[PDB]
């Protein structure tokens, strides 16, 4: 008789409003502690939070917290609705389990990722997005206030401990396991979200530390900290106002950097006024709700709830698996993985399956790093050398093997279908070296081991066909790059006649520090007249060169598109390409200066 047929019981007297347990059965147990779903005969759907086997009474105290909040502050729609302590069947045993209503929907991380995604795709607008965010913050801060009335501090508010209800669109806080009473030392905490004071010294937990958590939880979701594991929400935002606070993709579109702000706004003031300040200077839950950010951009409560119902009944944006940027730390981490394979090859304990799988992810990481910035060319060449050294150890060392390596061939063949740029030259060379190493392994294992099967033989020729298509493509692009170098050098020669005169004139115009001002036309009139006069002087200084500069950019812009913005094998090409880009910016800014300032 399986566990799905066994009954449940009560450990204490349950709470008033608790259901009858007769008929209830376990349906599944999900993914930490183990949570099982209890299907009732009616199907209300309950959650049973089973105790850890380590058994420090964290679970019984959690019940007593819920109990106490209900008696002192009342129930609250955005807080879990708990019924008591049950005994439930799990893993050939009965265990104690905290019994409560299922919040049927998604966790806060999944909801906010999905909300942000529908906004970027254009399914909802900015009013709706930021309205809904502010709506959530009001609910969470209302709950931290509700707990403060009971004299309970939560201590572990974070994305996993908030769950959204699909039916109502309401966020619900759960997981009081690490709760303390006010001014007692906290039972535990999560380090990425923790407020600085929380857990250190005489003064322990307060409502202030809860308010902090509520914000670090929102910041996490809003900025998308999951995409960048090297930062943690309780450090708040970094400001970059002199340079770009963003990265550019292939096509000139900026991309938000998680944790980086380019200007102070109500939103950045919210983060700084709470996360960037001590407990006594930090607002409590009701003051935080008065903040500019939460006071100003709000939408109707039913409007927000509606948007959240719609997000939750739609498709969940999946967790991004390898969109992580290639930083010196991550690239260091990947080198340490290769260093263990070389370490195990020396000791004759090299898993051949996993080194070829991991080498393929190294290739993708390196191609990714070349497209973006992030790491200097010396850290790349050292990584590249470490790959080549690892291919060196395989050849030197010496149909399950086919299934490991086919994914690698398919990825490369998908890459052979695409339209390439010059930044693909190094990418394709490396890919050729991979296919060659795959070919050598398979053929070599048939010498002293298992003979070649029909699948292997056909695979060898699929690798061989790809190697040649790769060679032809790699050879066309090297020819095209030589045309591009010559075209580059000619364009530079033309610039001689005007470059320095134009660079100087525009440097002087830029030192006046031109800028569109906020305000009325009357208020900005003197300012606008001053710029136009400066702009008129600059265009008079370069009059003789105006046709040259206009014709120069008709040629240079299409060439700069072709040479791209990423690293290239040829380092002289890159230094030259940047000199064209700088000359192009001078010419094109002067070609538009009248339109922009007069």
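Positions refer to the first chain, counted from 1.
Between residue 200 and residue 201 - deposited residues without coordinates, as a size class: In the record, the chain runs straight from residue 200 to residue 201 with none unmodelled.
Higher-scoring stretch by recorded Cα B factor average, 578-586 or 12-20: Higher mean C-alpha B-factor in the PDB entry: 12-20.
Residue stretch of maximal mean CA temperature factor, 293-301 vs 354-362: So the stretch with the higher mean C-alpha B-factor is 354-362.
Candidate set 209, 403, 125, 121 [ranked by C-alpha B-factor, highest]: By C-alpha B-factor in the record, 403 ranks first.
Among 192, 155, 344, 78 - the residue whose C-alpha B-factor is largest in the record: Going by the entry's C-alpha B-factors, 344 comes out highest.
B-factor third for the C-alpha atom of residue 65 within its chain: Lowest third - that is where residue 65 ends up once the chain's C-alpha B-factors are sorted.
CA B-factor placement of residue 44, once the chain's modelled residues are sorted into thirds: Residue 44: CA B-factor falls in the highest third of its chain.
Modelled-residue ranking by C-alpha temperature factor, third containing residue 53: Answer is highest: the recorded C-alpha B-factor places it there.
Residue 88 CA temperature factor, ranked by third within the chain: Its C-alpha B-factor, which the entry lists for residue 88, ranks in the middle third among residues of this chain.
Third of chain Cα B-factors occupied by residue 523: Residue 523: CA B-factor falls in the middle third of its chain.
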